[PDB]
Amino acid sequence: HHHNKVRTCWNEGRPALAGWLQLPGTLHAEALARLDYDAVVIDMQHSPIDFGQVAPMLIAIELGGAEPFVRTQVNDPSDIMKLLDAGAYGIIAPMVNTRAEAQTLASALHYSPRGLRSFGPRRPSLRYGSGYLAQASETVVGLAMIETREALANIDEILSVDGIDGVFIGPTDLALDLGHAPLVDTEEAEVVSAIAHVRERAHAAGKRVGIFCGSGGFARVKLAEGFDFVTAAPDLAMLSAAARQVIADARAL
């Protein structure tokens, strides 16, 4: 338990595949973490998961053997710091549209002098022991979300920020801001082109790029295109679709 599993993937030359949870609770969190996911992201933006509910989920994901990540409600330093101290080891912050906002994200992820993270690592100290402080930055992964035309306009400046590992595309909001339907795994040409451009710029910068996916097949293609961090697919969406199919099968003549 003495390495961030996602950073280990990267250091060993492979991308990371992560789950995505919008449903609160520990039981499915542990169960999915025990599958061949490198990380499980808990969504605190588009879900009813508040801090009180995320906290035990982090424990359950770690026990199950995946790295606990959180997609926060907002890029707020103190919110992020409190998640880090509760044992979130990856942070995906929404709506990072400028270099300054990316610097605000980075500031929360590193103790002085690299950042201004406040010191009181209740759960990381239990995981990593006495040597935590010297390795703390490496234990956390940080990605800025790219979800607007403004973020696209500022992508090179965002990617130039030290202390974030790279960017995570939110393609539904991106489609909407471009005037298209917010369809997951879209084929809309302007959105597909923007996604490819963000990936190309991130790799030109020597940074990591991730993307939210709605299906296993789309995730496979994103991995083939070279994305470093791919999520697939939300618990609620997979569960709904599975139940709809069970009903169709049960009710068929």
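Residue numbers run from 1 along the displayed sequence.
Mean temperature factor over C-alpha atoms, higher-scoring stretch between 70-78 and 175-183: Comparing averages over the C-alpha atoms only gives 175-183.
Average Cα temperature factor in the PDB entry - higher stretch of 133-141, 79-87: The entry gives the higher C-alpha B-factor average to 133-141.
Third of the chain's Cα B-factor distribution that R123 belongs to, per the entry: Bottom third by C-alpha B-factor.
Third assignment of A241 from its chain's C-alpha B-factors: According to the entry, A241 has a C-alpha B-factor in the chain's middle third.
Chain-wide C-alpha B factor ranking for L21, given as lowest, middle or highest third: It belongs to the lowest third of the chain when residues are ordered by C-alpha B-factor.
Third of the chain, ranked by Cα B-factor, where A60 sits: Tercile = lowest for this residue's CA B-factor.
Where the record places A189 (Cα B-factor, split into thirds across the chain): Its C-alpha B-factor, which the entry lists for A189, ranks in the highest third among residues of this chain.
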